[PDB]
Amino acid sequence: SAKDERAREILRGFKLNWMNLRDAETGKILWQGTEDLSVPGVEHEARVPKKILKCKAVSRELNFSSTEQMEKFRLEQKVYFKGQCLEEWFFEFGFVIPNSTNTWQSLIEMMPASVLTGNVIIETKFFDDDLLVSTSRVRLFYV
């Protein structure tokens, strides 16, 4: 289909270059990744320090690249706990310039670590407006 071929167009030329998870009161970096975790069809792993759980909020800064233009680049993220959706996050970047490289900052604002580690999956849905480009998943260990 036209929408299904466009969604593959954007996906082929997309890249998550790096991602930072900082403490939002100190800017202190708690976890850095350079893998492309937007890559679907794979269960990625993320071993973040458990101190992230004590933080009031967390600043998530990522840098991505897109060959294809995107009118309204947004994210639908679901936090699964033991296979059921615990929370639903929504973030919107907006217009993406074709062949552009963009850094995007967002702010994520409980249960003990021993319970969450290995039992938290983050499903991130990649949208351009109403078109879904891809779906990736990351498993979280709180070391």
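The first residue of the shown sequence is 1; numbering continues from there.
Asker: Is there a break between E109 and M110, and how many deposited residues does it span: none, 1 to 3, 4 to 9, or 10 or more?
Answerer: In the record, 4 to 9 residues between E109 and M110 lack coordinates.
Asker: Could you check the entry and say whether 71-79 or 23-31 has the higher mean CA B-factor?
Answerer: Comparing 71-79 with 23-31, the higher average CA B-factor belongs to 23-31.
Asker: So which stretch wins on mean C-alpha B-factor, 87-95 or 113-121?
Answerer: That would be 113-121.
Asker: Between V42, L62, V58, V48, where does the Cα B-factor run highest in the record?
Answerer: Answer for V42, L62, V58, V48: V48, with the highest C-alpha B-factor.
Asker: Among the modelled residues of its chain, does the C-alpha B-factor of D129 lie in the lowest, middle or highest third?
Answerer: CA B-factor rank for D129: middle third.
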